[PDB]
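Student: Following this line is coords_23.tsv, made up of TSV, N, CA and C atoms:
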chain	number	residue	atom	x	y	z
R	2	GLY	N	0.83	-1.24	0.00
R	2	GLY	CA	0.00	0.00	0.00
R	2	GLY	C	0.84	1.26	0.00
R	3	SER	N	1.49	1.52	-1.13
R	3	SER	CA	2.34	2.68	-1.31
R	3	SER	C	1.66	3.62	-2.29
R	4	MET	N	2.25	4.80	-2.43
R	4	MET	CA	1.81	5.72	-3.46
R	4	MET	C	3.02	6.42	-4.05
R	5	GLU	N	2.83	6.90	-5.28
R	5	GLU	CA	3.81	7.71	-5.98
R	5	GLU	C	3.51	9.16	-5.66
R	6	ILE	N	4.50	9.85	-5.12
R	6	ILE	CA	4.39	11.23	-4.67
R	6	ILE	C	5.38	12.06	-5.47
R	7	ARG	N	4.98	13.27	-5.87
R	7	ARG	CA	5.90	14.19	-6.51
R	7	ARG	C	6.41	15.19	-5.49
R	8	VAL	N	7.72	15.32	-5.41
R	8	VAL	CA	8.41	16.18	-4.45
R	8	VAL	C	9.40	17.03	-5.23
R	9	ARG	N	9.38	18.34	-4.99
R	9	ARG	CA	10.31	19.29	-5.60
R	9	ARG	C	11.33	19.71	-4.56
R	10	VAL	N	12.62	19.50	-4.86
R	10	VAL	CA	13.71	19.98	-4.01
R	10	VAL	C	14.47	21.05	-4.78
R	11	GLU	N	14.71	22.18	-4.14
R	11	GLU	CA	15.56	23.23	-4.71
R	11	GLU	C	16.96	23.07	-4.14
R	12	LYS	N	17.93	22.73	-4.99
R	12	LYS	CA	19.30	22.54	-4.50
R	12	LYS	C	19.77	23.84	-3.88
R	13	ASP	N	20.47	23.71	-2.74
R	13	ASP	CA	20.76	24.88	-1.90
R	13	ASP	C	21.99	24.66	-1.00
R	14	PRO	N	23.15	24.30	-1.56
R	14	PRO	CA	23.41	24.13	-2.99
R	14	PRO	C	23.34	22.68	-3.46
R	15	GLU	N	23.12	21.75	-2.55
R	15	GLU	CA	22.92	20.33	-2.85
R	15	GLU	C	21.48	19.95	-2.52
R	16	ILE	N	21.16	18.66	-2.70
R	16	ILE	CA	19.83	18.16	-2.37
R	16	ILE	C	19.70	17.95	-0.88
R	17	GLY	N	20.75	17.43	-0.26
R	17	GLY	CA	20.73	17.11	1.15
R	17	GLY	C	20.33	15.68	1.47
R	18	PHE	N	20.81	14.70	0.70
R	18	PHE	CA	20.50	13.30	1.00
R	18	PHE	C	21.64	12.39	0.59
R	19	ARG	N	21.54	11.14	1.07
R	19	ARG	CA	22.36	10.02	0.62
R	19	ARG	C	21.42	8.95	0.11
R	20	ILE	N	21.87	8.17	-0.87
R	20	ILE	CA	21.06	7.15	-1.51
R	20	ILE	C	21.84	5.84	-1.64
R	21	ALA	N	21.11	4.74	-1.83
R	21	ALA	CA	21.69	3.43	-1.97
R	21	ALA	C	20.85	2.58	-2.92
R	22	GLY	N	21.46	1.54	-3.48
R	22	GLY	CA	20.76	0.51	-4.21
R	22	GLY	C	21.20	0.46	-5.66
R	23	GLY	N	20.25	0.25	-6.54
R	23	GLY	CA	20.53	0.21	-7.96
R	23	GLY	C	20.87	-1.18	-8.47
R	24	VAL	N	20.75	-1.34	-9.78
R	24	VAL	CA	21.16	-2.57	-10.43
R	24	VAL	C	22.64	-2.80	-10.16
R	25	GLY	N	22.98	-4.03	-9.79
R	25	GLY	CA	24.35	-4.36	-9.47
R	25	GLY	C	24.83	-3.81	-8.15
R	26	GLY	N	23.98	-3.11	-7.43
R	26	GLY	CA	24.31	-2.61	-6.12
R	26	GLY	C	24.25	-3.72	-5.09
R	27	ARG	N	24.39	-3.32	-3.83
R	27	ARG	CA	24.40	-4.27	-2.73
R	27	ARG	C	23.10	-4.23	-1.94
R	28	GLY	N	22.03	-3.79	-2.56
R	28	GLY	CA	20.75	-3.78	-1.90
R	28	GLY	C	20.52	-2.49	-1.14
R	29	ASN	N	19.55	-2.53	-0.24
R	29	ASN	CA	19.19	-1.36	0.53
R	29	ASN	C	18.61	-1.86	1.84
R	30	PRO	N	18.56	-1.02	2.87
R	30	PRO	CA	18.13	-1.50	4.19
R	30	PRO	C	16.63	-1.57	4.40
R	31	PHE	N	15.83	-1.32	3.36
R	31	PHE	CA	14.39	-1.26	3.50
R	31	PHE	C	13.68	-2.43	2.85
R	32	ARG	N	13.91	-2.65	1.56
R	32	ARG	CA	13.20	-3.64	0.75
R	32	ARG	C	14.27	-4.47	0.06
R	33	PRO	N	14.74	-5.54	0.70
R	33	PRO	CA	15.92	-6.24	0.16
R	33	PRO	C	15.68	-6.95	-1.17
R	34	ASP	N	14.43	-7.17	-1.58
R	34	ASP	CA	14.17	-7.80	-2.87
R	34	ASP	C	14.07	-6.80	-4.02
R	35	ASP	N	14.26	-5.52	-3.75
R	35	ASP	CA	14.06	-4.45	-4.72
R	35	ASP	C	15.43	-3.90	-5.06
R	36	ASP	N	15.79	-3.91	-6.35
R	36	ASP	CA	17.09	-3.36	-6.75
R	36	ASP	C	17.03	-1.87	-7.08
R	37	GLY	N	15.98	-1.18	-6.68
R	37	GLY	CA	15.85	0.23	-6.94
R	37	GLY	C	16.74	1.10	-6.05
R	38	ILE	N	16.50	2.41	-6.17
R	38	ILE	CA	17.28	3.46	-5.52
R	38	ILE	C	16.45	4.00	-4.36
R	39	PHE	N	17.04	4.00	-3.16
R	39	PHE	CA	16.36	4.40	-1.94
R	39	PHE	C	17.12	5.50	-1.23
R	40	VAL	N	16.38	6.43	-0.64
R	40	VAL	CA	16.95	7.45	0.23
R	40	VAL	C	17.31	6.80	1.55
R	41	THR	N	18.57	6.93	1.96
R	41	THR	CA	19.02	6.36	3.23
R	41	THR	C	19.30	7.40	4.31
R	42	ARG	N	19.55	8.66	3.95
R	42	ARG	CA	19.80	9.70	4.93
R	42	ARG	C	19.36	11.04	4.36
R	43	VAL	N	18.81	11.90	5.21
R	43	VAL	CA	18.39	13.24	4.83
R	43	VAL	C	19.02	14.22	5.81
R	44	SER	N	19.71	15.24	5.29
R	44	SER	CA	20.32	16.25	6.16
R	44	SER	C	19.23	16.93	6.97
R	45	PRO	N	19.38	17.03	8.30
R	45	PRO	CA	18.25	17.48	9.14
R	45	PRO	C	17.78	18.90	8.89
R	46	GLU	N	18.66	19.79	8.44
R	46	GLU	CA	18.27	21.18	8.16
R	46	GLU	C	18.50	21.53	6.70
R	47	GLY	N	18.58	20.51	5.85
R	47	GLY	CA	18.93	20.68	4.46
R	47	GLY	C	17.74	20.84	3.56
R	48	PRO	N	18.02	20.99	2.26
R	48	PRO	CA	16.96	21.32	1.29
R	48	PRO	C	15.87	20.26	1.18
R	49	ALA	N	16.13	19.02	1.57
R	49	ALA	CA	15.16	17.95	1.47
R	49	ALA	C	14.50	17.62	2.80
R	50	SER	N	14.79	18.38	3.85
R	50	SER	CA	14.49	17.94	5.21
R	50	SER	C	13.00	17.87	5.50
R	51	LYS	N	12.18	18.69	4.84
R	51	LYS	CA	10.74	18.63	5.08
R	51	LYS	C	10.00	17.98	3.91
R	52	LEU	N	10.71	17.19	3.11
R	52	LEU	CA	10.18	16.74	1.83
R	52	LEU	C	10.48	15.28	1.57
R	53	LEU	N	11.67	14.82	1.92
R	53	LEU	CA	12.05	13.43	1.71
R	53	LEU	C	12.37	12.79	3.05
R	54	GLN	N	12.29	11.47	3.07
R	54	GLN	CA	12.61	10.76	4.30
R	54	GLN	C	13.30	9.45	3.96
R	55	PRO	N	14.16	8.97	4.87
R	55	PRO	CA	14.77	7.65	4.67
R	55	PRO	C	13.68	6.63	4.40
R	56	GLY	N	13.93	5.75	3.43
R	56	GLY	CA	13.00	4.76	3.00
R	56	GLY	C	12.29	5.08	1.70
R	57	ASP	N	12.24	6.34	1.31
R	57	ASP	CA	11.65	6.73	0.04
R	57	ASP	C	12.40	6.05	-1.11
R	58	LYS	N	11.66	5.54	-2.08
R	58	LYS	CA	12.23	4.96	-3.29
R	58	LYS	C	12.12	5.98	-4.42
R	59	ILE	N	13.25	6.34	-5.04
R	59	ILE	CA	13.22	7.31	-6.13
R	59	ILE	C	12.98	6.56	-7.43
R	60	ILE	N	11.89	6.88	-8.13
R	60	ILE	CA	11.60	6.25	-9.40
R	60	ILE	C	11.72	7.17	-10.60
R	61	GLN	N	11.85	8.48	-10.40
R	61	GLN	CA	12.03	9.42	-11.51
R	61	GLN	C	12.63	10.70	-10.97
R	62	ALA	N	13.48	11.33	-11.79
R	62	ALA	CA	14.09	12.61	-11.45
R	62	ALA	C	14.10	13.48	-12.70
R	63	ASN	N	13.43	14.64	-12.64
R	63	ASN	CA	13.30	15.53	-13.80
R	63	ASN	C	12.98	14.77	-15.08
R	64	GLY	N	12.04	13.83	-15.00
R	64	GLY	CA	11.57	13.10	-16.15
R	64	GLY	C	12.36	11.86	-16.50
R	65	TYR	N	13.51	11.62	-15.87
R	65	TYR	CA	14.34	10.45	-16.13
R	65	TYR	C	13.98	9.30	-15.20
R	66	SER	N	13.67	8.15	-15.78
R	66	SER	CA	13.34	6.98	-14.97
R	66	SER	C	14.54	6.49	-14.17
R	67	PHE	N	14.31	6.14	-12.90
R	67	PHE	CA	15.32	5.54	-12.01
R	67	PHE	C	15.11	4.04	-11.83
R	68	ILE	N	14.39	3.40	-12.74
R	68	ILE	CA	14.15	1.97	-12.71
R	68	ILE	C	15.17	1.29	-13.62
R	69	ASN	N	15.78	0.22	-13.13
R	69	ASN	CA	16.74	-0.54	-13.92
R	69	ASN	C	17.99	0.28	-14.21
R	70	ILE	N	18.34	1.21	-13.32
R	70	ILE	CA	19.59	1.94	-13.46
R	70	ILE	C	20.51	1.63	-12.29
R	71	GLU	N	21.80	1.86	-12.53
R	71	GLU	CA	22.85	1.66	-11.56
R	71	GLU	C	22.97	2.90	-10.69
R	72	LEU	N	23.51	2.69	-9.48
R	72	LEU	CA	23.63	3.79	-8.53
R	72	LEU	C	24.51	4.90	-9.08
R	73	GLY	N	25.63	4.55	-9.72
R	73	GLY	CA	26.51	5.57	-10.26
R	73	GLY	C	25.81	6.48	-11.26
R	74	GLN	N	24.93	5.90	-12.09
R	74	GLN	CA	24.20	6.70	-13.07
R	74	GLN	C	23.22	7.64	-12.37
R	75	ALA	N	22.56	7.16	-11.32
R	75	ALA	CA	21.68	8.02	-10.55
R	75	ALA	C	22.45	9.15	-9.88
R	76	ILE	N	23.61	8.84	-9.30
R	76	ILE	CA	24.40	9.86	-8.63
R	76	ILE	C	24.84	10.94	-9.61
R	77	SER	N	25.37	10.54	-10.77
R	77	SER	CA	25.84	11.52	-11.73
R	77	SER	C	24.70	12.40	-12.19
R	78	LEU	N	23.55	11.81	-12.46
R	78	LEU	CA	22.43	12.59	-12.94
R	78	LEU	C	21.99	13.60	-11.89
R	79	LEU	N	21.78	13.14	-10.66
R	79	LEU	CA	21.34	14.04	-9.59
R	79	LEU	C	22.35	15.15	-9.35
R	80	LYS	N	23.65	14.86	-9.46
R	80	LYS	CA	24.67	15.89	-9.27
R	80	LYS	C	24.68	16.89	-10.43
R	81	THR	N	24.32	16.45	-11.64
R	81	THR	CA	24.44	17.30	-12.83
R	81	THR	C	23.31	18.32	-12.93
R	82	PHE	N	22.10	18.00	-12.46
R	82	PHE	CA	21.05	19.00	-12.40
R	82	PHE	C	21.53	20.17	-11.53
R	83	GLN	N	21.34	21.39	-12.00
R	83	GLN	CA	21.94	22.51	-11.29
R	83	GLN	C	21.03	23.15	-10.24
R	84	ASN	N	19.71	23.08	-10.40
R	84	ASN	CA	18.80	23.80	-9.52
R	84	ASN	C	17.62	22.95	-9.04
R	85	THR	N	16.53	22.93	-9.79
R	85	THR	CA	15.34	22.21	-9.36
R	85	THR	C	15.51	20.72	-9.66
R	86	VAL	N	15.15	19.88	-8.69
R	86	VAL	CA	15.08	18.44	-8.87
R	86	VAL	C	13.66	18.03	-8.50
R	87	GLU	N	12.90	17.64	-9.51
R	87	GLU	CA	11.53	17.16	-9.33
R	87	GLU	C	11.56	15.64	-9.31
R	88	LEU	N	11.26	15.07	-8.15
R	88	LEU	CA	11.35	13.63	-7.96
R	88	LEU	C	9.96	13.02	-7.91
R	89	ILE	N	9.83	11.82	-8.45
R	89	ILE	CA	8.73	10.94	-8.12
R	89	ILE	C	9.28	9.88	-7.19
R	90	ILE	N	8.67	9.73	-6.03
R	90	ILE	CA	9.09	8.74	-5.05
R	90	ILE	C	7.93	7.83	-4.72
R	91	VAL	N	8.26	6.62	-4.33
R	91	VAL	CA	7.30	5.68	-3.78
R	91	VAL	C	7.49	5.64	-2.27
R	92	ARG	N	6.40	5.85	-1.55
R	92	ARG	CA	6.41	6.01	-0.11
R	92	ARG	C	5.24	5.23	0.47
R	93	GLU	N	5.50	4.59	1.61
R	93	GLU	CA	4.45	3.93	2.38
R	93	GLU	C	3.55	4.98	3.02
R	94	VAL	N	2.24	4.84	2.82
R	94	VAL	CA	1.27	5.81	3.30
R	94	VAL	C	1.47	6.11	4.78
S	1	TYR	N	25.12	-2.57	3.12
S	1	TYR	CA	24.78	-1.94	1.81
S	1	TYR	C	25.72	-0.75	1.58
S	2	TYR	N	25.78	-0.26	0.35
S	2	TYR	CA	26.68	0.84	0.00
S	2	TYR	C	25.87	2.13	-0.17
S	3	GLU	N	26.22	3.14	0.63
S	3	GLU	CA	25.57	4.43	0.59
S	3	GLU	C	26.42	5.42	-0.19
S	4	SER	N	25.78	6.16	-1.10
S	4	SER	CA	26.44	7.28	-1.75
S	4	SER	C	26.95	8.27	-0.71
S	5	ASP	N	27.93	9.07	-1.10
S	5	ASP	CA	28.23	10.28	-0.36
S	5	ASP	C	27.04	11.24	-0.49
S	6	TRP	N	27.10	12.34	0.27
S	6	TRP	CA	26.06	13.35	0.24
S	6	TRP	C	25.96	13.96	-1.14
S	7	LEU	N	24.74	14.19	-1.58
S	7	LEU	CA	24.55	14.99	-2.77
S	7	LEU	C	23.32	15.88	-2.60
Written as structure tokens, that's how I'd like the structure from this file.
Tutor:
Amino acid sequence: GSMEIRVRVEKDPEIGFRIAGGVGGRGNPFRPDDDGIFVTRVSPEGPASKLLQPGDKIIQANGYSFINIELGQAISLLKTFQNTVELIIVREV
Amino acid sequence: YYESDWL
């Protein structure tokens, strides 16, 4: 019973999170059967602090799918966006 | 598991 939520983060100057998972990754601490990308840490006073939470699964960023991608590709993409990052996340209600 | 650095 999850839902897809759209969250806008304004880099200031970063997003303010750490992520894990991906194809060929070593899993994640939330859903071990899922090779997707998960938020593992959010800076407490950072740009994502009232918007994202550990456990969120990132499935899209500025229109780019995060399904079936490797962690390195997700990291490079998120770092390359300069300002607005519009995420679709899957979150437990 | 492997965590990215901060971004």
Student: Let's see if you can do this: from backbone DSSP, list all alpha helix (DSSP H) residues in stretch 15-84 of chain R, as a count of residues only.
Tutor: 10
Student: Pull out every residue of chain R sitting within 6 Å of chain S, counting only N, CA and C atoms, and send them as number ranges by chain.
Tutor: R: 15-22, 27-29
Student: Give the centre and edge lengths of an axis-aligned box, in Å to one decimal, that holds all listed atoms of stretch 49-55 of chain R with 6 Å on each side, as JSON.
Tutor:
{"center_x": 13.1, "center_y": 12.8, "center_z": 3.5, "size_x": 18.1, "size_y": 24.4, "size_z": 16.0}
Student: Quick one, how far is atom CA of residue R:7 from atom CA of residue R:93?
Tutor: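 These atoms are spaced 13.7 Å apart.
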Student: Need the shell around residue R:64: protein/DNA/RNA residues with any atom at most 8 Å away, counting all atoms listed in the file. Skip same-chain ones fewer than 6 positions apart. Format as a PyMOL selection string?
Tutor: chain R and resi 86-89
Student: Create the file for the chosen residues now, containing N, CA and C atoms and written as a PDB file, in the coordinates of the input.
Tutor:
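Contents of result_13.pdb, as written:
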ATOM      1  N   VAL R  86      15.150  19.880  -8.690  1.00  0.00           N
ATOM      2  CA  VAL R  86      15.080  18.440  -8.870  1.00  0.00           C
ATOM      3  C   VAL R  86      13.660  18.030  -8.500  1.00  0.00           C
ATOM      4  N   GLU R  87      12.900  17.640  -9.510  1.00  0.00           N
ATOM      5  CA  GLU R  87      11.530  17.160  -9.330  1.00  0.00           C
ATOM      6  C   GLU R  87      11.560  15.640  -9.310  1.00  0.00           C
ATOM      7  N   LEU R  88      11.260  15.070  -8.150  1.00  0.00           N
ATOM      8  CA  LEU R  88      11.350  13.630  -7.960  1.00  0.00           C
ATOM      9  C   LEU R  88       9.960  13.020  -7.910  1.00  0.00           C
ATOM     10  N   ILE R  89       9.830  11.820  -8.450  1.00  0.00           N
ATOM     11  CA  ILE R  89       8.730  10.940  -8.120  1.00  0.00           C
ATOM     12  C   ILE R  89       9.280   9.880  -7.190  1.00  0.00           C
TER      13      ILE R  89
END
Student: Provide the atom CA of residue R:49 to atom CA of residue R:25 distance in Å, to one decimal place.
Tutor: 26.5 Å
Student: In Å, how far is it from atom N of residue R:5 to atom N of residue R:94?
Tutor: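 According to the coordinates, atom N of residue R:5 and atom N of residue R:94 are separated by 8.4 Å.
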Student: Using only C-alpha atoms, determine which residues lie at most 10 Å from residue R:55, disregarding the query and same-chain residues fewer than 5 positions distant; provide the list as JSON, numbers by chain.
Tutor: {"R": [18, 19, 20, 30, 31, 39, 40, 41, 42, 43, 92]}
Student: Give as a PyMOL selection string each residue that has an atom at most 8 Å from (14.4, 7.5, -11.3) in the file, counting only C-alpha atoms.
Tutor: chain R and resi 38+59-62+64-68+70+75+88-89
Student: Restricting the output to N, CA and C atoms, write the selected residues as an mmCIF file, keeping the file's coordinate frame.
Tutor:
data_model
loop_
_atom_site.group_PDB
_atom_site.id
_atom_site.type_symbol
_atom_site.label_atom_id
_atom_site.label_comp_id
_atom_site.auth_asym_id
_atom_site.auth_seq_id
_atom_site.Cartn_x
_atom_site.Cartn_y
_atom_site.Cartn_z
ATOM 1 N N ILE R 38 16.500 2.410 -6.170
ATOM 2 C CA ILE R 38 17.280 3.460 -5.520
ATOM 3 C C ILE R 38 16.450 4.000 -4.360
ATOM 4 N N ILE R 59 13.250 6.340 -5.040
ATOM 5 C CA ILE R 59 13.220 7.310 -6.130
ATOM 6 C C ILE R 59 12.980 6.560 -7.430
ATOM 7 N N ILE R 60 11.890 6.880 -8.130
ATOM 8 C CA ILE R 60 11.600 6.250 -9.400
ATOM 9 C C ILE R 60 11.720 7.170 -10.600
ATOM 10 N N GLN R 61 11.850 8.480 -10.400
ATOM 11 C CA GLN R 61 12.030 9.420 -11.510
ATOM 12 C C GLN R 61 12.630 10.700 -10.970
ATOM 13 N N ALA R 62 13.480 11.330 -11.790
ATOM 14 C CA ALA R 62 14.090 12.610 -11.450
ATOM 15 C C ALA R 62 14.100 13.480 -12.700
ATOM 16 N N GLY R 64 12.040 13.830 -15.000
ATOM 17 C CA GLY R 64 11.570 13.100 -16.150
ATOM 18 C C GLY R 64 12.360 11.860 -16.500
ATOM 19 N N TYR R 65 13.510 11.620 -15.870
ATOM 20 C CA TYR R 65 14.340 10.450 -16.130
ATOM 21 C C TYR R 65 13.980 9.300 -15.200
ATOM 22 N N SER R 66 13.670 8.150 -15.780
ATOM 23 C CA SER R 66 13.340 6.980 -14.970
ATOM 24 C C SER R 66 14.540 6.490 -14.170
ATOM 25 N N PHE R 67 14.310 6.140 -12.900
ATOM 26 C CA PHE R 67 15.320 5.540 -12.010
ATOM 27 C C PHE R 67 15.110 4.040 -11.830
ATOM 28 N N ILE R 68 14.390 3.400 -12.740
ATOM 29 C CA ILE R 68 14.150 1.970 -12.710
ATOM 30 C C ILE R 68 15.170 1.290 -13.620
ATOM 31 N N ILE R 70 18.340 1.210 -13.320
ATOM 32 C CA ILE R 70 19.590 1.940 -13.460
ATOM 33 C C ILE R 70 20.510 1.630 -12.290
ATOM 34 N N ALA R 75 22.560 7.160 -11.320
ATOM 35 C CA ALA R 75 21.680 8.020 -10.550
ATOM 36 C C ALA R 75 22.450 9.150 -9.880
ATOM 37 N N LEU R 88 11.260 15.070 -8.150
ATOM 38 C CA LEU R 88 11.350 13.630 -7.960
ATOM 39 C C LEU R 88 9.960 13.020 -7.910
ATOM 40 N N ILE R 89 9.830 11.820 -8.450
ATOM 41 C CA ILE R 89 8.730 10.940 -8.120
ATOM 42 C C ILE R 89 9.280 9.880 -7.190
#
Student: Can you complete the atoms of chain S to N, CA, C and O atoms and list them as a JSON list (two decimals), keeping the file's coordinate frame?
Tutor:
[["chain", "number", "residue", "atom", "x", "y", "z"],
["S", 1, "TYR", "N", 25.12, -2.57, 3.12],
["S", 1, "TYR", "CA", 24.78, -1.94, 1.81],
["S", 1, "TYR", "C", 25.72, -0.75, 1.58],
["S", 1, "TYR", "O", 26.39, -0.31, 2.52],
["S", 2, "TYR", "N", 25.78, -0.26, 0.35],
["S", 2, "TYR", "CA", 26.68, 0.84, 0.00],
["S", 2, "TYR", "C", 25.87, 2.13, -0.17],
["S", 2, "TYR", "O", 24.97, 2.20, -1.00],
["S", 3, "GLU", "N", 26.22, 3.14, 0.63],
["S", 3, "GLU", "CA", 25.57, 4.43, 0.59],
["S", 3, "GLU", "C", 26.42, 5.42, -0.19],
["S", 3, "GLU", "O", 27.62, 5.53, 0.06],
["S", 4, "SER", "N", 25.78, 6.16, -1.10],
["S", 4, "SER", "CA", 26.44, 7.28, -1.75],
["S", 4, "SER", "C", 26.95, 8.27, -0.71],
["S", 4, "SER", "O", 26.48, 8.30, 0.43],
["S", 5, "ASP", "N", 27.93, 9.07, -1.10],
["S", 5, "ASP", "CA", 28.23, 10.28, -0.36],
["S", 5, "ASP", "C", 27.04, 11.24, -0.49],
["S", 5, "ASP", "O", 26.08, 11.01, -1.23],
["S", 6, "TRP", "N", 27.10, 12.34, 0.27],
["S", 6, "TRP", "CA", 26.06, 13.35, 0.24],
["S", 6, "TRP", "C", 25.96, 13.96, -1.14],
["S", 6, "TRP", "O", 26.96, 14.25, -1.79],
["S", 7, "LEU", "N", 24.74, 14.19, -1.58],
["S", 7, "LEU", "CA", 24.55, 14.99, -2.77],
["S", 7, "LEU", "C", 23.32, 15.88, -2.60],
["S", 7, "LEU", "O", 22.94, 16.58, -3.54]]
